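The structure appears right after this line, and notes come after that.
2 protein chains.
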Amino acid sequence: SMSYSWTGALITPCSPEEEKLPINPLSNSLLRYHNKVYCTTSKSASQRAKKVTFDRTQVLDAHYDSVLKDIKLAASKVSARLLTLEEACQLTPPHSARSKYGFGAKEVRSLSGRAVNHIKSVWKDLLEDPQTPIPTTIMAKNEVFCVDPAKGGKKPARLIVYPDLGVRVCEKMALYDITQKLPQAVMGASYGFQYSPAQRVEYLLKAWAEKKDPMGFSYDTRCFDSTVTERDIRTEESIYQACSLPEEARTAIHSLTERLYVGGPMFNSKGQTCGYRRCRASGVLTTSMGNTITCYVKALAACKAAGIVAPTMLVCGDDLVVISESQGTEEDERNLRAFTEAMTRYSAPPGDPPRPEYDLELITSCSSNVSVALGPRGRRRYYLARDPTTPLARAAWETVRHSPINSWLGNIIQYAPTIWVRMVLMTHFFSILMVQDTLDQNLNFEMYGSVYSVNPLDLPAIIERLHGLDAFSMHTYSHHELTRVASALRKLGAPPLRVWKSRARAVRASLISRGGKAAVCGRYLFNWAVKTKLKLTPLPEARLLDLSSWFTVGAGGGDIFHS
Amino acid sequence: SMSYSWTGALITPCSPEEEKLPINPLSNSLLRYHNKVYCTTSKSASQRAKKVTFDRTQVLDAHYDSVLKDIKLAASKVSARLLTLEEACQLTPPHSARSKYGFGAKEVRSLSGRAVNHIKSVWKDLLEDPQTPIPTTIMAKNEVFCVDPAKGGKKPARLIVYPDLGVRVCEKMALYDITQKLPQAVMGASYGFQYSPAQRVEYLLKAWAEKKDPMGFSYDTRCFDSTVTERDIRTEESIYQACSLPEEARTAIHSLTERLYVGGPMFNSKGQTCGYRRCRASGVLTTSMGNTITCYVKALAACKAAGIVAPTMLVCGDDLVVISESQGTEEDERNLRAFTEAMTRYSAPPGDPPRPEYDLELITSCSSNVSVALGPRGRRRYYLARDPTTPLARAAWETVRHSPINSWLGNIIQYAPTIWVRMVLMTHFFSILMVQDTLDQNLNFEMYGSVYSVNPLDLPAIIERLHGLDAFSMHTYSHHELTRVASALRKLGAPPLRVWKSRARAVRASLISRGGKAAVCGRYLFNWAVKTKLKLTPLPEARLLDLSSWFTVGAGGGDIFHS
Numbered sequence: 000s001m002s003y004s005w006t007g008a009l010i011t012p013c014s015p016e017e018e019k020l021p022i023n024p025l026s027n028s029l030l031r032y033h034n035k036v037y038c039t040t041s042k043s044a045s046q047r048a049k050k051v052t053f054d055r056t057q058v059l060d061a062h063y064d065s066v067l068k069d070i071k072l073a074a075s076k077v078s079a080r081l082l083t084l085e086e087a088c089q090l091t092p093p094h095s096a097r098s099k100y101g102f103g104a105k106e107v108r109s110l111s112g113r114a115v116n117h118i119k120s121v122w123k124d125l126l127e128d129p130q131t132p133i134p135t136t137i138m139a140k141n142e143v144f145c146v147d148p149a150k151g152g153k154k155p156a157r158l159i160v161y162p163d164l165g166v167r168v169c170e171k172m173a174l175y176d177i178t179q180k181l182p183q184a185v186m187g188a189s190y191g192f193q194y195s196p197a198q199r200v201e202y203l204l205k206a207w208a209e210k211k212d213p214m215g216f217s218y219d220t221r222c223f224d225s226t227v228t229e230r231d232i233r234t235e236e237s238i239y240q241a242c243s244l245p246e247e248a249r250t251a252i253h254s255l256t257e258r259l260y261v262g263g264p265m266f267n268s269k270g271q272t273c274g275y276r277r278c279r280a281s282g283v284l285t286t287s288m289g290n291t292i293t294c295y296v297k298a299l300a301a302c303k304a305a306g307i308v309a310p311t312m313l314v315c316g317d318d319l320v321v322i323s324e325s326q327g328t329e330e331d332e333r334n335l336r337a338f339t340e341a342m343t344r345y346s347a348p349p350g351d352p353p354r355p356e357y358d359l360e361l362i363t364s365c366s367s368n369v370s371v372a373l374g375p376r377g378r379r380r381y382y383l384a385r386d387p388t389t390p391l392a393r394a395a396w397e398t399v400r401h402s403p404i405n406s407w408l409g410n411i412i413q414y415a416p417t418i419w420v421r422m423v424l425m426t427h428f429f430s431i432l433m434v435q436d437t438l439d440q441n442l443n444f445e446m447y448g449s450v451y452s453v454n455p456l457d458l459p460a461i462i463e464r465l466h467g468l469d470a471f472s473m474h475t476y477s478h479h480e481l482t483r484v485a486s487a488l489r490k491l492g493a494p495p496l497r498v499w500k501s502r503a504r505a506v507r508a509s510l511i512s513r514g515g516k517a518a519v520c521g522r523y524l525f526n527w528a529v530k531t532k533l534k535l536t537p538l539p540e541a542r543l544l545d546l547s548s549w550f551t552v553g554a555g556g557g558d559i560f561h562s
Numbered sequence: 000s001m002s003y004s005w006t007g008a009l010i011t012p013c014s015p016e017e018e019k020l021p022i023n024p025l026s027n028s029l030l031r032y033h034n035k036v037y038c039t040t041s042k043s044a045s046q047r048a049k050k051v052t053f054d055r056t057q058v059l060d061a062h063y064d065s066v067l068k069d070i071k072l073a074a075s076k077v078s079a080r081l082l083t084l085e086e087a088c089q090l091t092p093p094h095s096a097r098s099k100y101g102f103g104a105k106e107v108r109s110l111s112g113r114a115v116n117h118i119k120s121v122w123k124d125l126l127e128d129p130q131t132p133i134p135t136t137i138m139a140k141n142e143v144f145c146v147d148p149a150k151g152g153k154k155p156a157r158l159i160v161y162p163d164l165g166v167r168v169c170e171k172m173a174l175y176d177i178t179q180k181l182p183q184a185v186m187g188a189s190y191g192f193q194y195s196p197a198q199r200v201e202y203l204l205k206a207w208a209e210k211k212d213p214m215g216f217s218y219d220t221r222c223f224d225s226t227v228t229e230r231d232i233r234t235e236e237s238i239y240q241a242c243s244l245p246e247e248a249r250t251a252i253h254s255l256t257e258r259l260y261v262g263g264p265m266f267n268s269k270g271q272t273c274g275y276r277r278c279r280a281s282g283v284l285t286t287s288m289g290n291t292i293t294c295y296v297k298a299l300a301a302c303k304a305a306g307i308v309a310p311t312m313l314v315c316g317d318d319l320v321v322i323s324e325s326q327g328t329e330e331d332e333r334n335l336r337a338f339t340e341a342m343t344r345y346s347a348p349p350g351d352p353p354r355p356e357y358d359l360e361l362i363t364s365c366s367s368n369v370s371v372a373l374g375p376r377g378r379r380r381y382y383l384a385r386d387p388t389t390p391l392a393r394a395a396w397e398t399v400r401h402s403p404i405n406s407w408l409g410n411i412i413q414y415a416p417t418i419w420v421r422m423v424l425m426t427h428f429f430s431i432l433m434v435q436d437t438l439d440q441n442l443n444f445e446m447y448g449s450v451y452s453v454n455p456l457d458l459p460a461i462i463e464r465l466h467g468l469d470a471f472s473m474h475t476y477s478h479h480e481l482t483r484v485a486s487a488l489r490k491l492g493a494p495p496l497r498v499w500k501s502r503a504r505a506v507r508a509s510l511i512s513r514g515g516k517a518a519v520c521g522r523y524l525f526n527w528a529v530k531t532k533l534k535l536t537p538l539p540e541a542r543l544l545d546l547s548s549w550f551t552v553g554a555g556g557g558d559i560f561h562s
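Here the protein sequences come in this chain order: W and D.
Heads up: the first sequence at position 1 corresponds to 0 in the numbering used here, and the numbers run straight through without jumps.
Heads up: the second sequence at position 24 corresponds to 23 in the numbering used here, and the numbers run straight through without jumps.
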């Protein structure tokens, strides 16, 4: 079947769109080459639509059947409950797309207006009707990148397909508890979203170390969501239903599967019929969990098909890393081709052919890699790194155009130990917060696909809890990290690191002059900028924060919230 | 001055006391030699009173003045707030000693009866009157031990000295926030109560590793509370007051210091005047924090006096470990004598002279030592161990006489990776919980001096969070751990480990037959008892638990609660 069919109606914007980075003295002090920064818009929706539309064929085999049998057995030891309406409402992000039925996120979160009665009505209809397709809206995402001259120029917008807010709340009542329990039960240590960046690094280090002669690869599926078949989605349902669930949840889960998850009609923002979907919806609660489980089953089965020796996997939605025992140069290349051919039969063909790697630091997981630097007293510290170009480009856009749900804060938290976060993002944003006099205001951001709310003054505690006190004393960064950052700064027309150091000394002094939590930010976040360094003590707040749970699957379009 | 003066009136029981372990088929199946197990009672109060009563002289010097100056500077960066009455009430343990003024812990926790109005009245009196000594009650603690023939036989009861429940709630309003923030600020990594057992092991490993040639010792102060002088306690106040505090807190803290902390009259349970105290009260909120800070100041100053080279300390109340650079056998012995002489001038004379140790595993912190075993795939795992004799003796008593606040559950959690917890305590208590049909009931226990509430069915998640999945797969225990446990079991007349293994196989099967969380306990806690072992996956609940904060100073008599 085809992943999508189309009527010819346009994918239309629901609001004015801007493609070019606006000029502005605040953003200009971060980077000058604003014509290199662009935002995707509906203008390129048609191009994306073409890419994500294709035929799927799927031929399964004994390896697949055996893996699925195991997964269902493991799933049978899981017990999950319904969420109450109030609980599901509290998980709705502040700016979640408003309903067509006369209420928005504000009303959901406060249990006011039409919200409660409408959501109750939707739930009852799910229990009574397991058949009628539920309508969805398709939209072009507005996301910011830096041009890549020698690589095609500009990426087309991603497409997001989602049902009404009322349905999204019902999804949580039916399935949120399952998202919290099922992935770990069926995939164990392989489930990537259970890990903080530090824990992901630790897992990868351990996986690598336990092989006599390690070989790893990442596998890039072309347009994962579109490769997911109706049968795949019904198989996800059979896994959900293997858990112990109350009848009412079983009923709602089956209805959501047949009315929403497996496919349905898509409309544009104008209300015109735009097409029909027969693949994964990109904006539902189960997008991430579903992709993770389905990638895992296909990938484990393909390892068996290929004869991969002692696979250890890290799976994050459609992002796949496989570490195993090397069988030699030529055998590894051969086995990787067999792996790809099996994945292809299972409907998950490759975007770029996988490559065997024999150095752990070359393996990418979710655009990130392991890097190493020195902490206090020369000890080696491993941490997660990435290319800073996209983060820096988005930081610039978000300085001039305020995003209700930003990305710079998510990047500071996830990549806190990196040289670019420490010297550039922290310096720039603490300066901006002081200019705005908004240091002590909670901000919403996205991380691991979902929404969080944090007060920038709590960053030292958050960073310590997630990355350790060493995040504040890292030095002797790797050559790759140093070239990576210098290159990105030059490319974007940003000041070089030596200029950022000068800037940070002043930002630090200004924070310290304010006393209180602002002074803590100055002392801890900017210890790197002074020659007479302070000895930093463990922050009490770092333990007092409830954060252990922070990292979970999340949702499609990230429609899950935690403050 | 003398630590105490006495009137001659008796230290009297407030309830019937039992000295001998009762016989009972449930407790007998744990250990048969019941005449070896005893409980301290008021019968031996007089003997303890003699031991804790002595003259104190204190001569300070430039090393002490310099350390204190530093501590106050660090304290000045701390900001703390008052707790509201409601907050302080929620921190009161369910069975806290009832007030003389017609209410108990139940009324405090529910904010009902006379409790609120009485506590308000006490607070106002603290603000108005900084002078009048506050009365306290002195009691003999009832604690269980095993006889030590060749070591004096039976220990006398410890004494506990505490003010009325109403005052104890006011202490929390005034000072709880300080307990959460100040120790880490002034002592940094040295503050021991911030660490879980695993983190304590990690700290000690790191401290040892960072010395070119490590030497460590523990220092045992004779009767620490009694060595604490009125000046010491007023110095603690000056440290508290160095923080940024609201005037009302400053006022209450000064009044509590002068009316309660520095000394005051003691009465027995009959209401007779028993004596007067001029040293640390053993049952106040500040007992642990106070002892920790005062031990730290004296110990750091004494290191300077002695010329100890590069001290790294771990301080837990009066429990002190010092790791430093060895200066050679003879110089180390000499320097340790100088350290002791300085501690002695500062009023903290030794019970047993400190001994230099050159093997990390021989260093004791809070009766515990580092041990090592093998986890999955042969990797070395370090963890905290102790002698199991006292835990086993108390487990027996608590099987036949139910304690409102027990110790066996605290021991299972703290020492989860140990062979005795895994094979003996877990087997015995899960069996007992099934006999009683109370598996799924919250239990209160003491840990690190304070009270916690846990449901035994949550143990696998708690254990994983605190100790890692390896707690469930440890093998190849050390020779010392093996001899230690075999010896203790023989001494107490308990079955040998091979019998416990047989017992556990049946307990495991019974848990698994029950499904649900009980089956999880069977699979995870008792994987060691089966030859065909299950592969255990990470438990979702382990992250979903808010536990990062669990470990803090606590309070005297442990009058702090967290469910």
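Backbone N, C-alpha and C fix where the C-beta goes; we use that ideal spot for every residue, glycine too.
Since residue i contacts residue j with CB under 8 Å, what's their CB separation in whole angstroms?
i, j, result
"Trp396/W", "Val143/W", "5 Å"
"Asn441/W", "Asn454/W", "5 Å"
"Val200/D", "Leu383/D", "5 Å"
"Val320/W", "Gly215/W", "6 Å"
"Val399/D", "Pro21/D", "5 Å"
Going by DSSP in three states, residue i sits in which element: helix, strand or coil?
i, result
"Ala518/D", "helix"
"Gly306/D", "coil"
"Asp386/W", "coil"
"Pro12/W", "coil"
"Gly101/W", "coil"
"residue 589/W", "Coverage of chain W is limited to positions 0 through 562, which leaves residue 589/W absent and any answer about it impossible."
"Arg502/W", "helix"
"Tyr37/D", "strand"
"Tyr523/D", "helix"
Considering only residues of the same chain and omitting the five flanking positions on each side of residue i, which have a CB-CB separation below 7 Å?
i, result
"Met446/D", "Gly409, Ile412, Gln413"
I'd like to confirm the pairing. Which residues does DSSP put opposite residue i in its beta bridges?
i, result
"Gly152/W", "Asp147/W"
"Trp207/D", "Answer is none; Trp207/D lacks a bridge partner."
"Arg276/D", "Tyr3/D, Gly263/D"
"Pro349/W", "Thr220/W"
Kindly list the residues whose CB is nearer than 8 Å to the CB of residue i, restricted to its own chain and excluding five residues on each side of it in sequence; keep chain order.
i, result
"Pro245/W", "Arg80, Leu81"
"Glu332/D", "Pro355"
For residue i, which residues in the same chain have their Cβ closer than 6 Å to its Cβ, ignoring the five residues on either side in sequence?
i, result
"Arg522/W", "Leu533"
- Between the region 215-244 of chain D and chain W, which residues of the former have CB atoms less than 9 Å from a CB of the latter, in chain order? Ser243
- Name the residues in the region 530-544 of chain D whose C-beta lies less than 9 Å from a C-beta of chain W; which are they? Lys534, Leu535, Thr536, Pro537, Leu538, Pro539, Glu540, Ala541, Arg542, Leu543, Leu544
- Between the region 344-376 of chain D and chain W, which residues of the former have a C-beta closer than 8 Å to a C-beta of the latter? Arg376
- Along the region 543-560 of chain W, what residues have a CB closer than 9 Å to any CB found in chain D? Contacts with chain D (Cβ-Cβ distance below 9 Å) from the region 543-560 of chain W involve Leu543, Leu544, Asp545, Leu546, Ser547, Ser548, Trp549, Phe550, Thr551, listed in chain order.
- Message: Short of 9 Å Cβ to Cβ, which residues in the region 183-203 of chain W face chain D?
- Response: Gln183, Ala184, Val185, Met186, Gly187, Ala188, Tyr190, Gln193
- Could you please tell me which residues of the region 503-515 of chain D, in chain order, have their CB closer than 7 Å to any CB of chain W? So the list reads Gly515, given in the order they occur along the chain.
- Where the region 435-468 of chain W meets chain D: residues whose CB sits under 9 Å from a CB there: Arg464, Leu468
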